[PDB]
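A.B. asks: Mind looking over this structure? Questions follow.
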Amino acid sequence: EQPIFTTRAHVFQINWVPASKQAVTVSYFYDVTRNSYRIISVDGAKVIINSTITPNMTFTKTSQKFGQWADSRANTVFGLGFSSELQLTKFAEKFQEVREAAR
């Protein structure tokens with residue numbers, strides 16, 4: 001009933017530009033038809049993150065409250081700003097697992 005993982009943060013895209021007027025919900029979903037996981041975040045009428053996680057993708061913590069990952073398909077880099085190190089830590093953790101399940 002609940003997503004694999006869900007959190008809240010500020011979204012930025014590639015210098016950085018804000019993608020969300022405020023902190024929004026960001027979640028991991030299992031894309032049934034595609035047989036892969038996707039990170040999805042919406043804000044109003046816009047879906048600001050619709051990223052499929054593949055094995056060769058990597059999430060980097062460029063700080064203990066900020067992290068990022070490159071998305072070739074969408075051709076853009078996404079950055080998330082967290083209000084706490086713990087959230088960032090749990091997000092980066094799920095990212096790794098999800099990537100390992102994509103192997």
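Every chain in the structure tokens takes a letter, A first, then B, and so on in the order presented; its residues are numbered from 1, and the ligands are numbered from 1 following the presented order.
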Write out as an mmCIF file with C-alpha atoms, in the first residue's frame all residues of chain A that backbone DSSP assigns to strand (DSSP E).
C.D. replies:
```cif
data_model
loop_
_atom_site.group_PDB
_atom_site.id
_atom_site.type_symbol
_atom_site.label_atom_id
_atom_site.label_comp_id
_atom_site.auth_asym_id
_atom_site.auth_seq_id
_atom_site.Cartn_x
_atom_site.Cartn_y
_atom_site.Cartn_z
ATOM 1 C CA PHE A 5 10.393 4.285 0.000
ATOM 2 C CA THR A 6 9.118 7.846 0.344
ATOM 3 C CA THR A 7 10.609 11.104 1.558
ATOM 4 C CA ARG A 8 10.506 14.865 1.213
ATOM 5 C CA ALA A 9 13.115 17.236 -0.158
ATOM 6 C CA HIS A 10 13.929 20.146 -2.420
ATOM 7 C CA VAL A 11 14.517 19.275 -6.062
ATOM 8 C CA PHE A 12 17.122 20.841 -8.329
ATOM 9 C CA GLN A 13 18.172 20.139 -11.930
ATOM 10 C CA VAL A 17 18.236 25.423 -10.917
ATOM 11 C CA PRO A 18 15.373 24.823 -8.504
ATOM 12 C CA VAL A 24 8.030 17.891 -2.170
ATOM 13 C CA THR A 25 7.466 14.176 -1.859
ATOM 14 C CA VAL A 26 9.962 11.913 -3.662
ATOM 15 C CA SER A 27 9.310 8.126 -3.910
ATOM 16 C CA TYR A 28 10.585 4.854 -5.346
ATOM 17 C CA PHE A 29 8.141 2.758 -7.382
ATOM 18 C CA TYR A 30 8.441 -0.588 -9.074
ATOM 19 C CA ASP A 31 7.654 -0.153 -12.779
ATOM 20 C CA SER A 36 12.734 -1.752 -13.263
ATOM 21 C CA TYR A 37 12.492 0.816 -10.499
ATOM 22 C CA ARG A 38 11.666 4.463 -11.011
ATOM 23 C CA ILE A 39 12.006 7.491 -8.780
ATOM 24 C CA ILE A 40 8.921 9.709 -9.152
ATOM 25 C CA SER A 41 8.228 13.177 -7.730
ATOM 26 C CA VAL A 42 5.340 15.471 -8.688
ATOM 27 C CA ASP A 43 4.551 19.084 -7.828
ATOM 28 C CA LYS A 46 4.167 18.763 -13.194
ATOM 29 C CA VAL A 47 6.172 15.565 -12.732
ATOM 30 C CA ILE A 48 9.637 16.890 -11.957
ATOM 31 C CA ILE A 49 11.374 13.551 -11.506
ATOM 32 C CA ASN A 50 10.591 10.423 -13.536
ATOM 33 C CA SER A 51 13.893 8.588 -13.258
ATOM 34 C CA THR A 52 14.509 4.890 -13.955
ATOM 35 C CA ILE A 53 17.320 3.511 -11.835
ATOM 36 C CA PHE A 59 24.008 8.512 -6.363
ATOM 37 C CA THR A 60 26.635 10.817 -4.881
ATOM 38 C CA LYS A 61 26.362 12.626 -1.550
ATOM 39 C CA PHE A 66 22.488 17.003 -0.411
ATOM 40 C CA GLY A 67 22.906 14.267 -3.025
ATOM 41 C CA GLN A 68 22.742 13.790 -6.797
ATOM 42 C CA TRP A 69 22.601 11.362 -9.706
ATOM 43 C CA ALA A 70 22.898 11.633 -13.477
ATOM 44 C CA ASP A 71 20.126 10.489 -15.801
ATOM 45 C CA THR A 76 19.828 15.823 -16.889
ATOM 46 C CA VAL A 77 21.233 15.681 -13.368
ATOM 47 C CA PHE A 78 18.854 15.682 -10.388
ATOM 48 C CA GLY A 79 19.785 17.009 -6.968
ATOM 49 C CA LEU A 80 17.853 16.558 -3.736
ATOM 50 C CA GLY A 81 18.192 18.764 -0.674
#
```
A.B. asks: Can you list, as a tab-separated table (two decimals) with N, CA, C and O atoms, in the first residue's frame, every protein, DNA or RNA residue that comes within 9 Å of stretch 89-91 of chain A when you count only C-alpha atoms, leaving out same-chain residues fewer than 2 positions away?
C.D. replies:
```
chain	number	residue	atom	x	y	z
A	5	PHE	N	9.80	3.27	-0.86
A	5	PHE	CA	10.39	4.29	0.00
A	5	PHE	C	9.84	5.65	-0.38
A	5	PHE	O	9.60	5.93	-1.56
A	6	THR	N	9.64	6.52	0.61
A	6	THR	CA	9.12	7.85	0.34
A	6	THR	C	9.73	8.88	1.29
A	6	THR	O	9.96	8.62	2.47
A	7	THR	N	10.01	10.06	0.75
A	7	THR	CA	10.61	11.10	1.56
A	7	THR	C	10.23	12.46	1.01
A	7	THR	O	9.47	12.56	0.05
A	61	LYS	N	26.66	11.68	-2.61
A	61	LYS	CA	26.36	12.63	-1.55
A	61	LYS	C	27.45	13.69	-1.64
A	61	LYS	O	28.59	13.44	-1.26
A	64	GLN	N	26.26	16.12	3.45
A	64	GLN	CA	25.48	15.19	4.27
A	64	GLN	C	24.00	15.54	4.32
A	64	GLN	O	23.25	14.97	5.11
A	65	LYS	N	23.58	16.46	3.46
A	65	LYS	CA	22.18	16.85	3.36
A	65	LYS	C	21.80	17.10	1.91
A	65	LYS	O	20.69	17.54	1.61
A	84	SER	N	17.58	16.81	6.81
A	84	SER	CA	18.35	16.03	7.78
A	84	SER	C	19.25	14.98	7.13
A	84	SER	O	18.89	14.39	6.10
A	85	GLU	N	20.40	14.75	7.74
A	85	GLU	CA	21.35	13.76	7.24
A	85	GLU	C	20.72	12.38	7.18
A	85	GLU	O	20.97	11.62	6.25
A	86	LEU	N	19.89	12.07	8.17
A	86	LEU	CA	19.23	10.77	8.22
A	86	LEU	C	18.39	10.51	6.98
A	86	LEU	O	18.42	9.40	6.44
A	87	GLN	N	17.63	11.50	6.52
A	87	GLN	CA	16.82	11.30	5.32
A	87	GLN	C	17.73	10.99	4.13
A	87	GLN	O	17.53	10.01	3.42
A	93	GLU	N	20.67	4.89	0.61
A	93	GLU	CA	20.68	3.47	0.92
A	93	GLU	C	19.73	2.77	-0.04
A	93	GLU	O	20.11	1.83	-0.73
A	94	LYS	N	18.48	3.24	-0.10
A	94	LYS	CA	17.50	2.65	-1.01
A	94	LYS	C	17.99	2.71	-2.44
A	94	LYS	O	17.78	1.77	-3.21
A	95	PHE	N	18.65	3.79	-2.81
A	95	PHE	CA	19.16	3.92	-4.17
A	95	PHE	C	20.09	2.74	-4.48
A	95	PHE	O	19.96	2.09	-5.54
A	96	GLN	N	21.00	2.44	-3.56
A	96	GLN	CA	21.94	1.33	-3.76
A	96	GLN	C	21.21	0.00	-3.89
A	96	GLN	O	21.44	-0.75	-4.84
```
A.B. asks: Skip residue A:54 itself and residues of its chain fewer than 3 positions away, then list as a ChimeraX atom specification all residues within 8 Å of it, counting only C-alpha atoms.
C.D. replies: /A:36,57,99,102
A.B. asks: If you keep N, CA, C and O atoms, can you produce a file of those selected residues as a PDB file, in the first residue's frame?
C.D. replies:
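result.pdb written:
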```
ATOM      1  N   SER A  36      11.696  -2.580 -13.843  1.00  0.00           N
ATOM      2  CA  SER A  36      12.734  -1.752 -13.263  1.00  0.00           C
ATOM      3  C   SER A  36      12.114  -0.812 -12.246  1.00  0.00           C
ATOM      4  O   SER A  36      10.883  -0.722 -12.137  1.00  0.00           O
ATOM      5  N   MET A  57      24.156   3.552 -12.928  1.00  0.00           N
ATOM      6  CA  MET A  57      23.848   4.881 -12.416  1.00  0.00           C
ATOM      7  C   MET A  57      24.392   4.976 -11.004  1.00  0.00           C
ATOM      8  O   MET A  57      24.529   3.960 -10.329  1.00  0.00           O
ATOM      9  N   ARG A  99      19.426  -0.320  -7.079  1.00  0.00           N
ATOM     10  CA  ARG A  99      20.352  -0.525  -8.184  1.00  0.00           C
ATOM     11  C   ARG A  99      20.827  -1.985  -8.193  1.00  0.00           C
ATOM     12  O   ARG A  99      20.970  -2.596  -9.252  1.00  0.00           O
ATOM     13  N   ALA A 102      18.466  -4.285  -9.767  1.00  0.00           N
ATOM     14  CA  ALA A 102      18.364  -4.073 -11.208  1.00  0.00           C
ATOM     15  C   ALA A 102      19.427  -4.873 -11.963  1.00  0.00           C
ATOM     16  O   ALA A 102      19.352  -5.016 -13.180  1.00  0.00           O
TER      17      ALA A 102
END
```
A.B. asks: Enter the distance from atom CA of residue A:82 to atom CA of residue A:20, in Å, rounded to one decimal.
C.D. replies: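 Going from atom CA of residue A:82 over to atom CA of residue A:20 covers 13.0 Å.
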